[PDB]
Amino acid sequence: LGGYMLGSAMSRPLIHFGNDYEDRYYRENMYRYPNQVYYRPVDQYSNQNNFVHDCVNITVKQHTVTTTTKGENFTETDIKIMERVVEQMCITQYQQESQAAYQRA
């Protein structure tokens with residue numbers, strides 16, 4: 001995460017899931033299964049999806065590993081979250097960071 005540009009609070013996708021319970025649950029969880037990720041600045045790398053699974057590996061983790069110490073832990077739902085919000089969002093970077101990392105490079 002040190003050599004990983006924080007994905008400046010992502011696009012806070014808020015997957016909503018189709019369940020306002022979970023819609024709410026991400027809006028509530030966005031400070032943990034959240035609207036932020038860590039990754040390096042990818043000019044879409046013809047596969048940010050790649051750096052994604054690695055970013056979900058850093059971000060859900062930083063929130064369930066350096067953060068499980070705060071008392072904050074995920075469940076496969078909570079993870080299905082970081083995988084829906086983060087695997088998707090970092091994937092969004094596959095298309096979206098070719099924009100931003102084009103900009104920032």
# chains A, B, ... in the order shown; residues from 1 in each chain; ligands from 1

call {"tool": "select_by_dssp", "arguments": {"residues": "chain A", "states": "strand (DSSP E)", "output": "list in words"}}
result
residues 6, 7, 37 and 38 of chain A

call {"tool": "write_last_selection", "arguments": {"atoms": "N, CA, C and O atoms", "output": "PDB file, in the first residue's frame"}}
result
ATOM      1  N   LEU A   6      -3.429   5.609  -3.294  1.00  0.00           N
ATOM      2  CA  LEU A   6      -4.770   5.427  -2.822  1.00  0.00           C
ATOM      3  C   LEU A   6      -5.708   5.879  -3.922  1.00  0.00           C
ATOM      4  O   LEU A   6      -5.596   7.004  -4.414  1.00  0.00           O
ATOM      5  N   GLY A   7      -6.589   4.988  -4.336  1.00  0.00           N
ATOM      6  CA  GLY A   7      -7.635   5.358  -5.249  1.00  0.00           C
ATOM      7  C   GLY A   7      -8.583   6.294  -4.583  1.00  0.00           C
ATOM      8  O   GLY A   7      -9.597   5.853  -4.034  1.00  0.00           O
ATOM      9  N   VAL A  37      -9.615   2.498  -2.213  1.00  0.00           N
ATOM     10  CA  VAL A  37      -8.758   1.381  -2.513  1.00  0.00           C
ATOM     11  C   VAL A  37      -7.353   1.848  -2.694  1.00  0.00           C
ATOM     12  O   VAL A  37      -7.087   3.040  -2.743  1.00  0.00           O
ATOM     13  N   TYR A  38      -6.456   0.906  -2.734  1.00  0.00           N
ATOM     14  CA  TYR A  38      -5.071   1.196  -2.961  1.00  0.00           C
ATOM     15  C   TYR A  38      -4.590   0.392  -4.147  1.00  0.00           C
ATOM     16  O   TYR A  38      -4.902  -0.784  -4.303  1.00  0.00           O
TER      17      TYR A  38
END

call {"tool": "residues_around", "arguments": {"residues": "residue A:96", "least_positions_apart": "6", "cutoff": "12 Å", "atoms": "only C-alpha atoms", "output": "MDAnalysis selection string"}}
result
chainID A and resid 7 10:11 41:49 88:90 102:103

call {"tool": "write_last_selection", "arguments": {"atoms": "C-alpha atoms", "output": "tab-separated table (two decimals), in the first residue's frame"}}
result
chain	number	residue	atom	x	y	z
A	7	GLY	CA	-7.63	5.36	-5.25
A	10	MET	CA	-12.85	5.68	-5.69
A	11	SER	CA	-16.18	6.55	-7.23
A	41	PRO	CA	-1.42	4.24	-11.20
A	42	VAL	CA	-2.39	2.18	-14.08
A	43	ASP	CA	-2.85	3.56	-17.51
A	44	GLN	CA	-5.33	0.72	-17.65
A	45	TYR	CA	-2.28	-1.61	-18.15
A	46	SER	CA	-4.45	-3.58	-20.63
A	47	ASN	CA	-5.57	-5.21	-17.35
A	48	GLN	CA	-6.22	-3.10	-14.27
A	49	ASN	CA	-8.56	-5.98	-13.48
A	88	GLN	CA	-15.70	-3.88	-9.50
A	89	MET	CA	-14.30	-0.47	-8.74
A	90	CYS	CA	-10.71	-1.28	-9.36
A	102	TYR	CA	-3.51	9.09	-18.16
A	103	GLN	CA	-3.98	12.37	-16.45

call {"tool": "residues_around", "arguments": {"residues": "stretch 78-86 of chain A", "least_positions_apart": "6", "cutoff": "8 Å", "atoms": "only C-alpha atoms", "output": "PyMOL selection string"}}
result
chain A and resi 12-15+26+33-37+52+55-56+59-60

call {"tool": "closest_residue", "arguments": {"among": "A:39, A:21, A:31, A:94", "to": "residue A:64", "atoms": "only C-alpha atoms"}}
result
A:31

call {"tool": "closest_residue", "arguments": {"among": "A:54, A:40, A:28, A:65", "to": "residue A:101", "atoms": "only C-alpha atoms"}}
result
A:40
